[PDB]
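Let me begin by presenting the structure, written as structure tokens, before commenting on it.
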Amino acid sequence: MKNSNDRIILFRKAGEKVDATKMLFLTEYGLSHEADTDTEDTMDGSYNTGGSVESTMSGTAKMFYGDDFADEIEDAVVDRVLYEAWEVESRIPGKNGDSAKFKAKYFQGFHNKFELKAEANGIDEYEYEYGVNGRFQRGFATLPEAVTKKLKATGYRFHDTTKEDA
Amino acid sequence: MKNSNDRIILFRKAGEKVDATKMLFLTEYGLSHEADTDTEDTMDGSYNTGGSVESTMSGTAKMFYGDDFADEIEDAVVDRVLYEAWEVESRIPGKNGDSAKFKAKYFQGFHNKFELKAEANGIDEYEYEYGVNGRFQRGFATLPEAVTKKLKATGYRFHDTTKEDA
Amino acid sequence: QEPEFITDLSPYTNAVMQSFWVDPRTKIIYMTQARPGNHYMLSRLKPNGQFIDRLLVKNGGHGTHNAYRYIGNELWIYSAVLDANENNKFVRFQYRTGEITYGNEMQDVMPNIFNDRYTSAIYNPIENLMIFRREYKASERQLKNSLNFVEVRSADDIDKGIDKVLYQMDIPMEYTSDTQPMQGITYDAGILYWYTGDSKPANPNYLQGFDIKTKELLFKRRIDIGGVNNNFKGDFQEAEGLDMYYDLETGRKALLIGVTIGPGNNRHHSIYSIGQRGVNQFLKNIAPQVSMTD
Amino acid sequence: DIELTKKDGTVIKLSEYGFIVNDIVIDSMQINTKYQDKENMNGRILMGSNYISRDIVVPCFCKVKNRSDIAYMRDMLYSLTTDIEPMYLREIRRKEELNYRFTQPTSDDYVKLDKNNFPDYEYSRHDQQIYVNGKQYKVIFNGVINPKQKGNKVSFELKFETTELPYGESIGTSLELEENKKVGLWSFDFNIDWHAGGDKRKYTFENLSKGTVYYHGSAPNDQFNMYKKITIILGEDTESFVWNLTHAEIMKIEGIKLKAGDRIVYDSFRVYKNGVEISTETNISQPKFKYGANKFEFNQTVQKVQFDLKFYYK
Amino acid sequence: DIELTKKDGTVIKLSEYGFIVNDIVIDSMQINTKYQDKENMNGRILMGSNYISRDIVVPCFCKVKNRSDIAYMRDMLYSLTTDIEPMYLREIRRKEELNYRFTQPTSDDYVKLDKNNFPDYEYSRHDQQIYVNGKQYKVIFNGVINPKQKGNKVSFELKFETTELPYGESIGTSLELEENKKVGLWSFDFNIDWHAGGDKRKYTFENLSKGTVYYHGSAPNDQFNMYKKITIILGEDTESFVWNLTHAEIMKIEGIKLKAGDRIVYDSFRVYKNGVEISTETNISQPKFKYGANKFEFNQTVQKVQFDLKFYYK
Amino acid sequence: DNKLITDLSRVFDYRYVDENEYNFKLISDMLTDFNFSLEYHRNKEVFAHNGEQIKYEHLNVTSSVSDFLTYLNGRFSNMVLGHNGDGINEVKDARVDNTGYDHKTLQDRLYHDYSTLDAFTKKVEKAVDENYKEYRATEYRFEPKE
Amino acid sequence: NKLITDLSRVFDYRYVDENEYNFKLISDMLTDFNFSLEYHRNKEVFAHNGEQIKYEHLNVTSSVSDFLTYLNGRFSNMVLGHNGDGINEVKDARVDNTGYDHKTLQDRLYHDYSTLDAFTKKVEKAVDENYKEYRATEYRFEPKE
Amino acid sequence: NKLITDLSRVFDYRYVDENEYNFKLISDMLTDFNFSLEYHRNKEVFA
Ligand SMILES: [Fe+3]
């Protein structure tokens, strides 16, 4: 009962004191939390001791002229820059003394993969896989004004005919 | 919001002092920047130290009679010739004191694979995978006149009937 | 500006002039030095340098700087002293020749609120402010990347007990490090002057006068008042405490700076000044230099 | 995960010097046995068995900002660690696998970065590491190689080794236990009662023929190299002076005449009759504290006994 | 990544000779211990512990234009490196992992190629490599095999080894530190103040009973094989001459009468009374500089002391 | 242009000194070029901003200058005027004084302008006189009573 | 975030890293300033306040905000400003602001502006004289005396 | 500007002194550029 469009992605470069940057025009998306069971089994029983996680998140996108962000992602992959990213779900606001904040999943890592593709007379898309350093942290997060105004994204409001407006 | 047709590929052989050579009739295209996380995890924490990249770029093409370039690519593959190549995106020109230059991604390497295929009454296409030595460099690049005139590529302008013209 | 000589101080005790302060309404110099051990001397002298008397604070710490307040012709000295090797106490007292130590003769000021860390003070009478330097512990320093922080507060608030921590500011390490230790502070006109020095020639000692309101850096000059350029008596010059000399009349503020020169077991304490068109002149012309004869 | 080293004249810790460590692993003590096999008997006699050496291993790597600096950093490591000079190693652990905490991506509450390019998860004062235990180890270095993985990351494999005695020397004497002056140096690994001045903390008795001692150390302090040091005001004049002890041997001092107020400093295998001019001919026997109750029995009610020692562990 | 070698009579560097190298890895010094185990005591005495050897390893490969030439190149390598002749090795690093820079594919700004078929990323003067540190190593070679991977690429695995003393001998004396004449040979690994003529640079004092010295070398210059060399104009006549020193032993010269203006050259374990005819019977004791402050104390205010030495590192 | 040499040598030599030298020269050229560009944008550069980059706020009416010029041209091309007489419109136009605030009469406008200018210049002269008096006092201060 | 003009006096890795970070920061700060100026010059909305920019007519200096407000006030007055009896308005405006009826409006305006200009020039001469006297008393150098 | 492009070629404190002086000039210059820019942007008159 939840459309994906609602979920939103925010990125930021760690050692940069600026507001996050939304990721536009991502078609697919995925978030895998694997586990490796450090289990030791007696000869007369069984036990699990620990777990080494291998979390990560995958995404696609479509490379529109306006933003140069994909270039930043690429520079990261090739330069091994640490980025902090969080998906902040819209339409799930805070409960107690929190209204502008929104549910989220905050995590940082390095972009372990990036790869584009393009065909004739076709939009040029790409796919990035991003690691996750350790465990992630959840917490209600607020969005930056920029992301808020983008979220609206109204399209071609009513104009007029015979030269009043383009 | 970007048609791939816009992007353009330029090639050149390193120890050759000539202008670049466009790659015509490439259908698909791809550019993968993998990474290998040289990470060392403590027993009470975790850390990433470095990253060994395995960048590369893949492409297809269609082997038209006119150009012998594919032969050069093949000679490179089998003879291990160093080749410098850059994708120079059209319709994204320079900003400050730069108008003929165009955005780009310049990288050097050896063609680690090349493979054609052909079927009955079918055009004979091929696929090449090209390595990338280390990190690539971005920077606004100018095109050579040859590529510029090719870019136009107008088709069968208006001729006339009854023997005026072929 | 370039500093200008005023005088040399003649304390009858061989040690460094850890700080100094002259009084406007009396024309008398109280200079603090740190003796072997935690105890410390403060010598009261004439403007020319002549020795009037001295006091020895036992277990009084280094005594890097002390605040001198006038409350209706009553001279209070705010100081940093510890007793019985317990902890640092910020304490008021009155001048008295001879010896003193923390007890019945000295009364603390709001101990419960800032006797958790090393603390010292200065006084600016024009604004009636008591600037508290307050050091950090090692553990807090590990995260703060700094040794000390300065608080502004009002002397009337301190008197009637109310606490106010307006205009608090940390100091980065580079301005208080081992090669650039503190060695002196003074507030004036929303500007904190911080004068540091390495007790070493060619390690340029200087001041780093900045702003307390907006937490920035206003200016940073060089200082070579030891004498002739890169040739000072002995083998080392050391910067020492600051003073902002006001005047009850002709409110022309000048900045006095202490320097300590000479070899190992013989010291020369000099006072230079950056003046305000006549302040230094009047300061030196209060009384003449001592000569063997008339 | 810092591997503190107290050398003769200084204190060092690696992570202060840009040297992260992966872990520390401490072997047990190599038990050298001394068996003898009887010729035709299905069993071999134990002549002896004895602890020898506690080989430590510590792999530490380091990152820097540029490739050249590697060299400098490596040299620092060698100049900082590889010391035949018997050093005192202290281990450090963390209390938690710390993560980055929640923040706010509103052009504010940005993240910090260490001097090395890493994310500072240590936000508060109470984040950083701790001396996990109040003990040390007398330690010397053995050979290292330095494989350079990519970039500015290079690994090292320190192989430390015990120097004199394969034991976990407890830092601080037993009198700092008596007088609660020095703070730190007392970890819960040692099951120590809080009742300072109560039993099993006190090593300062008065006017007693016999008394009780709780040696908190699991390993036994029979070896003289340990800093077992006694001093007694004898209380009563005598010509001979015997004192017995359990988990140890009997001790006599015969053939020399003493006096009451005279004091004996009884160091390991050594006897200062009055602090100097050692009179140690009489019954060369050294006392041995094993663990827990070590009851002593004098013979003429010494007016004072007190003795500091060091706790050793296995 | 060039592995410079200064031999007795020449200077060589591999990459000049078409010999790239993959890396250089320098082991630490093999600490030979000398323990003695007491028979029934849980602990073993340290008789001694001592540095021995600093084994270097350097794998270097080479490409050529044709398969035959391999042979020549290999022989050159052997004839160039495998020298029992104690050589002085100097390590080299780069400051950056250099890439090819941006260019223009307009039949211009083409790329360069080295004498070997490789891409010259070193466009500017400030690209090529550097003597990463102002020290050397007294070094000898050990056995190599030469696996030939395909084509004209062949690898080699040099295994070098320290010759006399397992230390990082600093090139240049301490007087070149005094007189800033020779340039180079002073890297930031040595924490050296710029205040030339100031303290902790000067080893040339005048008219002093006692003075101060900062030995910048982490390793101690107690070994005589090091080039510690003192020379003193004695200043004042005497019959005996004592001078003390810290981190070392006392030194006397008794039984021979001297004069003021006469000078002593005090070499390691050796005494030229007046430059020749060594009078070294008096108190054979050699001085030892450990690190940092090495305070000396003469007894009659020598009119001159000055001493050059070499800094050694671990 | 060419970037600075971020990474220096790890040994004091002519190469290290030359590196710092070359970096400083490049910094001097960069700073000079930026200052020149700034002065050129500030004084000589024509068609720097395209109007819309400018603010215009008055009576709590914020808007861009390039939009307000269009608004004024519109209002002017829609303005209607009648031949009221032989100068009525002319005087009605003159009734303002350089800041709007239409006066009811040209005479009132002139009186207000003259009064503003008199008050301004007279306040200026008063400031001059008190400053001169202060300076003379501070210079020739001979007040032995204090 | 800012430079380190307090360099280490021992020539170690600290010093070299300080110098390297210093140059890196200089390059970063400079390219940031260049991009900031370019953004200002090209795309920054409301880069300048309207009071700033100068509109120079003949022998006349004024801003653009003031001039635009003046144009708007002109329009407003010409439109919704009551009018009439212009001849009487002019013949009454002929009088000056002290109680003297001039002969003509232009002569009145001329007299008023000349009075103001003379007063201002007298004030200016007094100011210049006072300043010159202050300079000659302060920076006095007269080796005649 | 006013920078020392002829540094001491000798391992002495004059080198670091002139380096620190150069950096002080650079810091002051960048700061006054930023201040002048801000002034021109939103404080200057007749910019
Ligand atoms: Fe502008």
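Throughout, read-outs are computed from the coordinates displayed, never taken from laboratory work. Here Cβ is always computed from backbone atoms with ideal geometry, including for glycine, and neighbour counts include all displayed protein chains.
When the helices in chain C are scored as -39500 (n - 2.57) per DSSP H run of 4 or longer and the sum is shared across all residues, what 222 nm value do you end up with, to the nearest 500 deg cm²/dmol? Write down the numbers at each step before the final one.
Values: 4 runs with 23 residues, N = 294.
Counting only the DSSP helices, I get -1500 deg cm²/dmol.
What size of dipole, in debye to the nearest 20, comes out for the protein assembly as shown about its Cα centre when the only charges are +1 on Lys and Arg C-beta atoms and -1 on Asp and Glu C-beta atoms?
Working: 210 positive and 253 negative charges, 721 e Å.
For this selection, approximately 3460 debye.
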Open item on the list: I'd like the Karplus ³J(HN,Hα) series for the stretch B:11-18: coefficients 6.51, -1.76, 1.60, θ = phi - 60°, whole numbers in Hz, and an x wherever there's a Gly or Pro.
Closed with: 10, 6, 8, 4, x, 10, 9, 9
Open item on the list: At 222 nm, what value in deg cm²/dmol follows for chain D if DSSP H runs of at least 4 each add -39500 (n - 2.57) and the sum is divided by all its residues, to the nearest 500?
Closed with: -1500 deg cm²/dmol
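What do you get for Rg/Rh over the stretch E:160-286 if you use C-alpha atoms and the Kirkwood form of Rh? Write out the running numbers ahead of the final one.
Details: Rg = 16.4 Å, Rh = 16.7 Å.
Checking Rg against Rh, the ratio lands at 0.98.
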Task: Top of C:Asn59, C:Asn203, C:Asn85 by mean-square fluctuation, Gaussian network on chain C, Cα under 10 Å - done: C:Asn85
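Using the Kirkwood formula over every pair of different C-alpha atoms, what hydrodynamic radius in Å results for the stretch E:209-249? All intermediate terms of the calculation are to be shown ahead of the outcome.
Values: mean 1/r = 0.0770 Å⁻¹.
Hydrodynamic radius (Kirkwood, Cα only) of the stretch E:209-249 equals 13.0 Å.
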Task: Spin-label pair H:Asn34/E:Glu254, simplified geometry with 7 Å Cα→Cβ offset, distance in nm - done: 7.1
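Can you give the translational diffusion coefficient of chain H in µm²/s, computed by Stokes-Einstein from the Kirkwood radius over Cα pairs at 20 °C and 1.002 mPa s?
Values: Rh = 12.6 Å.
Here the translational diffusion coefficient equals 169 µm²/s.
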Task: Interatomic Cα distance distribution for chain C, bins of 10 angstrom, percent - done: 6, 29, 38, 23, 4, 0, 0
- [ ] Taking only the C-alpha atoms, wrap a convex hull around the stretch C:101-150 and report its volume per residue in Å³ as a whole number.
- [x] 116
- [ ] Using only the alpha carbons of the stretch E:1-146, determine the length spanned along each of the three principal axes and report them from longest to shortest in whole angstroms.
- [x] 84, 34, 28
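According to the Kirkwood expression over distinct Cα-Cα pairs, how big is the hydrodynamic radius of the stretch F:46-87, in Å?
The Cα-based Kirkwood calculation yields 12.7 Å.
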Task: Principal axis dimensions, largest first and in whole angstrom, of chain E by Cα - done: 83, 61, 40
Open item on the list: Could you tell me the relative contact order of the stretch C:176-294? Use alpha-carbon pairs under 8 Å, at least six residues apart, and round to a whole percent.
Closed with: 18
Task: Equivalent ellipsoid, chain G (semi-axes from 5 times Cα gyration tensor eigenvalues, Å) - done: 59, 34, 9
Open item on the list: Over 10 Å intervals from 0, what percent of Cα-Cα pairs in the stretch C:37-134 sits in each interval?
Closed with: 15, 49, 31, 5, 0
Open item on the list: About the Cα centre, and with charges only on the beta carbon of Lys, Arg (+1) and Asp, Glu (-1), how big is the dipole of the stretch E:174-284? Nearest 20 debye, please.
Closed with: 160
TODO: Set the Förster distance to 35 Å, then compute FRET efficiency between F:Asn50 and A:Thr27 from the Cβ-Cβ distance, nearest 0.05.
DONE: 0.40
TODO: Pick out, from F:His41, F:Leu72, C:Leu147, the residue whose Cα sits farthest towards the positive end of the charge dipole of the protein assembly as shown, with +1 on the Cβ of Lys and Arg and -1 on the Cβ of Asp and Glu.
DONE: C:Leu147
- [ ] Taking every pair of alpha-carbon atoms in chain B, give the share separated by more than 27 Å as a whole percent.
- [x] 39
TODO: Report, to the nearest 10°, how far helix E:69-81 tilts away from the longest principal axis of the Cα atoms in chain E, using its own Cα long axis and a range of 0 to 90°.
DONE: 0
- [ ] Anything over 29 Å Cα to Cα? Flag those among A:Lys22/B:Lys149; E:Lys229/E:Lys252; C:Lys253/G:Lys125; C:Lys233/E:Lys290, in the order listed.
- [x] A:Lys22/B:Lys149; C:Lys253/G:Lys125; C:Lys233/E:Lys290
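How large is the helix-only mean residue ellipticity at 222 nm for chain A, computed as the sum of -39500 (n - 2.57) over DSSP H runs with n ≥ 4, divided by its residue count, in deg cm²/dmol to the nearest 500?
Numbers: 2 runs with 19 residues, N = 166.
After summing the helix terms and dividing by residue count, I get -3500 deg cm²/dmol.
Order by neighbour count: F:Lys122, D:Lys138, fewest other Cβ atoms within 10 Å first, most last.
Values: F:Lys122 12, D:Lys138 20.
Taking fewest neighbouring Cβ atoms as first place, the list is F:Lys122, D:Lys138.
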TODO: Choose one answer from E:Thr162, E:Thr282, E:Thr212: the residue with the largest mean-square fluctuation in a GNM of chain E with alpha-carbon springs under 10 Å.
DONE: E:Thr282
- [ ] Under a 10 Å cutoff between Cα atoms, tell me which one of C:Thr32, C:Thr179, C:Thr250 has the largest fluctuation in the Gaussian network model of chain C.
- [x] C:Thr250
Open item on the list: Along its three principal axes, how long is the stretch D:227-275 when you only count alpha carbons? Whole Å, largest extent first please.
Closed with: 28, 19, 18
